[PDB]
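Residue numbers begin at 1 in each chain, while the letters A, B, ... track the order of the sequences. The analysis underlying the following values was restricted to heavy atoms, covering all of them including side chains, and did not include hydrogens, waters or symmetry mates.
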Amino acid sequence: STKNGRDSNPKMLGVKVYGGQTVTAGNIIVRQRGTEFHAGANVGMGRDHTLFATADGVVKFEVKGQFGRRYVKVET
Amino acid sequence: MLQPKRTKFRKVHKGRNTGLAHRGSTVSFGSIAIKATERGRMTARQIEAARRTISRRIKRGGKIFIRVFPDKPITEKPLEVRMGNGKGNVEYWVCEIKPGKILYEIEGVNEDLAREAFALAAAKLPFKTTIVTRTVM
Amino acid sequence: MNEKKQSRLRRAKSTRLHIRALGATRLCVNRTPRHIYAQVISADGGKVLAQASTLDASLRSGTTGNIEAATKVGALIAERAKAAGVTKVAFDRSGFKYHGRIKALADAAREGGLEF
Amino acid sequence: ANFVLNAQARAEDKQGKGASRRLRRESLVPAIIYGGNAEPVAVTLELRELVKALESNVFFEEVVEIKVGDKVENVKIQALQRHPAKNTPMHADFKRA
Amino acid sequence: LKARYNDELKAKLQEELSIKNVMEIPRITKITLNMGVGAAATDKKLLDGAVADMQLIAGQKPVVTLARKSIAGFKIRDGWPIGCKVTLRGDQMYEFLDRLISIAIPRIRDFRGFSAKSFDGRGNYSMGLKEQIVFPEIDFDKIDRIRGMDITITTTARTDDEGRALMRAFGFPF
RNA sequence: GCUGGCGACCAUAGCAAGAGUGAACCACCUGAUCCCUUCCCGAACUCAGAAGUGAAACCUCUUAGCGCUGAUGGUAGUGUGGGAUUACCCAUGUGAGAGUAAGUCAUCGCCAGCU
RNA sequence: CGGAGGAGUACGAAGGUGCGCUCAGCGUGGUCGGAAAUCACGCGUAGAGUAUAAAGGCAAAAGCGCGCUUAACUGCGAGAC
């Protein structure tokens, strides 16, 4: 007999809205286990590190700061 | 019987042996060396047999560098067992060989004796080989 | 050596970043053993809307390094900010304790009429 | 003067993977010349000539003359690529000197 | 001391060490008194006695020191007190130094205990002594067992020679 | 032309080494009355000030010493069609990583004070 | 019926907030006290920690303390996965 044979259900993480797309306030942009992306202007952060839009506009990805963090923001 | 002292995992996937040996295909320790021209698998017993043959021929008058180490475990099913019920048990260890891989180098012996030793060693190996010498570049 | 200033800037970082995130006009203060300084800076953090310090001619000849000077600087920065048109600000203590001369400057600015 | 390599110009249509493989099937060797005060120049050499030159050690220390057309470049061999299995030379880097 | 160094020792140190700017002059910054009173788990009283002894020796309230990381070899663990310490600056440290030099040395059993060596290599000097005696403290009556103490003098002297010069100027024996 | 504060940018910008500045600013500095502070300590935080110093620290300059940046050419891989099956070849499109030549001791905005 | 590990909990603080603080290791010295306790100063350094398995994360530290506290609320809820 084998001692293996277990796995967990999928979690369907990932980028939901890509750069250049138009969003409405409340739209989820990124599902992520940790902060692979950080929240920029007009973007909020949930309790499970989800990134969501807090205004209507156009999504933009960038890299900024002294730590080289990846940021996502919404331009109005 | 070369074998890793410790491994992070016991059993590994079969994989696919493709490509040429861009790394490890230049003479770097000795002056003359034997390198494979065809891909295949080299077992620890084969490595030991070739080393013993070379050492016996050269009468330990120089240094032998072995540039192949078998670190990939190979499993087998017990015998008279059906398919399934988990992966088999580890049986022996191999090193993946790509064309261009240098296997042995010799330092400090005459070229004729070295070539005789390499010719004796090549008969123990499961793939075709060739002889190379150190060049500037 | 240099640890004192680095620690002060480390304390200031959190408040400065939160003020930037809120997007409010910032009233930044700075303190030295000899003088005090205050600036009103825009939300983007690039342009100085107003300033006032003991280096100004009206206060430079005085004791210039105590609570009495700080109250005058607070009143003066309040007047200049009101003239420039700023009403609501977020106070930035730049890692200093909200106490003594800094507190006096803040109270004087509030009396002058900056809502915070 | 001791070492002279006759070369042809390697135009843009003779660059890339397919063109290089065609050249090596035609028994030529692509090579690049770079160095101070000028722009890189791509040339093609003869495999026979290159192997003959590499058989001698003083080729790796002397200044050699690469002639393509009328122009002449005085260069030193800088890098060499070999086939991992067959040891055949495949590409060369020359530095102006 | 204090005024003694402020008026006198600065000049002689300046001449002896040949330093152009006055701020280079060795200055004794602080004195740290430590009793590493281990194995306090078994009894829980010797640490109280050590705290009382430190409070008596130095005119300050001692602070207990807890362990960091739990060690199987001893009975120490992550959070419980395993030592006691005090730091002295300003007038208090000058008074402690003068009392030490004046009275501690005669009251030790064997003289020449301290060495001109045992410097940290950067101008700070540590000395360890046995017993809480040699101080103006209560005698063997009304005290617990004798306990050793470490005294580390941290000074602004950049090098060991400068530290030794400052120490000799202050008059510590060796 | 220097000094301080706040930003843009986040190594071609950093680290290290050497050098320089006290008119103003800054820094060290004096004291522990009152405000306030130490699981003890005026060390930090805080207050009241100007006897000293540019030593330390901060800034500015110089250096390719570590670091960082980095071509061209070639090689590996790869979509489509065809030919072969140790897994490669041809046509066409695409094209690294490593290494080589080489570059770098940053570049800008607002406010205030001195000469 | 492929290769490897965990869960069927814990916590009124180990939650909230304001303020504050940086780990690990090594080398020097220093009573018992040493390989390793505690003290002092330096060197390159996140290699520490995060109640617990691993992964993705963590300087405004999400790591570590102190004072006061109950938002470990009630009615909901545009808009999304």
Spacing between [X] atom [atom1] and [N] atom [atom2], to the nearest angstrom:
X      : N     : atom1 : atom2 : answer
A/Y71  : G/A60 : OH    : P     : 8 Å
E/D120 : G/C26 : CG    : P     : 19 Å
A/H49  : G/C58 : NE2   : P     : 10 Å

Between [N] and [M], how many Å separate the two [atom1] atoms, rounded to a whole number?
N     : M     : atom1 : answer
F/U21 : F/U53 : P     : 15 Å
F/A55 : F/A23 : P     : 14 Å
G/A7  : G/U28 : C1'   : 49 Å
F/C40 : G/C39 : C1'   : 14 Å
F/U63 : F/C28 : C1'   : 30 Å
G/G44 : F/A16 : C1'   : 13 Å
G/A48 : G/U22 : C1'   : 11 Å
G/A10 : F/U46 : P     : 46 Å

Under a 3.5 Å limit on both key distances, is there a Watson-Crick or G-U wobble pair between [N] and [M]?
N      : M      : answer
F/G93  : F/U78  : yes
F/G65  : F/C15  : yes
F/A106 : F/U94  : no
F/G70  : F/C108 : no
F/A17  : F/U62  : yes
F/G73  : F/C105 : no
F/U80  : F/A91  : yes
F/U60  : F/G67  : no
F/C61  : F/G18  : yes
F/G20  : F/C59  : yes

**Prompt:** Which residue lies toward the 5' end of RNA chain G, A/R31 or A/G5, if each is placed at its nearest nucleotide?
**Reply:**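 Per heavy-atom nearest nucleotide, the more 5' residue is A/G5.
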**Asked** Mapping C/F96 and B/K87 onto RNA chain G by nearest heavy atom, which one lands closer to the 5' end?
**Response**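 Nearest-nucleotide comparison on RNA chain G picks B/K87.
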**Message:** Would you say E/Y125 and E/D120 are linked by a side-chain donor-acceptor pair, where the criterion is simply a distance under 3.5 Å?
**Reply:**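 E/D120 vs E/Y125: no donor-acceptor pair found between side chains.
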**Prompt:** Can a donor-acceptor pair be found between the side chains of D/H83 and D/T88 at a distance below 3.5 Å?
**Reply:**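 Judged by distance alone, the side chains do not pair up.
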**Request:** Identify the nucleotide, in any strand shown, that forms a Watson-Crick or G-U wobble pair with F/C10, with both distances under 3.5 Å; if there is none, say none.
**Result:**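 Looking at the geometry, F/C10 pairs with no nucleotide.
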**Prompt:** If only side-chain N and O atoms of B/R39 are considered, is one of them under 4.0 Å from the OP1 or OP2 phosphate oxygen of F/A87?
**Reply:**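 Result: yes.
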**Request:** Give a yes/no on whether any side-chain N or O of C/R34 is located under 4.0 angstrom from OP1 or OP2 of F/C28.
**Result:**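 It does not, given that no N or O in the side chain of C/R34 lies less than 4.0 Å from OP1 or OP2 of F/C28.
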Would the distance check show the side chain of [X] and the main-chain N or O of [Y] forming a donor-acceptor pair, the cut-off being under 3.5 Å?
X     : Y     : result
D/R10 : D/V43 : yes
C/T25 : C/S42 : no
C/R11 : C/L9  : no
C/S7  : C/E3  : yes

**Request:** Could you tell me if G/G6 and G/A7 satisfy the stacking criterion of six-membered ring centres under 5.5 Å apart and ring planes within an angle under 30°?
**Result:**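 Base stacking for G/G6 and G/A7: confirmed.
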**Item:** G/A14|G/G15 base stack, centroid gap <5.5 Å, plane angle <30°
**Value:**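 Not stacked: G/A14 and G/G15 fail the distance or angle limit.
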**Request:** Assign G/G47 to syn or anti; the rule is syn for a glycosidic angle within 90° of 0 and anti otherwise.
**Result:**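 With its glycosidic angle within 90° of zero, G/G47 counts as syn.
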**Message:** Side chain of C/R16, heavy atoms from C-beta onward: which of G/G3, F/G5, F/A76 has the nearest atom to it?
**Reply:**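 That would be F/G5.
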**Asked** Nearest of F/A48, G/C81, F/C45 to any side-chain atom of C/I67?
**Response**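 That would be F/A48.
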**Among C/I36, C/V29, C/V73, the one residue meeting side-chain contact (heavy atoms from CB on, under 4.5 Å) with C/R101** =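 It is C/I36, the one option of C/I36, C/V29, C/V73 that forms the side-chain contact (heavy atoms from CB on, under 4.5 Å) with C/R101.
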**Asked** Do C/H99 and F/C35 share a donor-acceptor pair, side chain to base, under 3.5 Å?
**Response**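 When only heavy-atom distances are counted, C/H99 does reach the base of F/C35 through a donor-acceptor pair under 3.5 Å.
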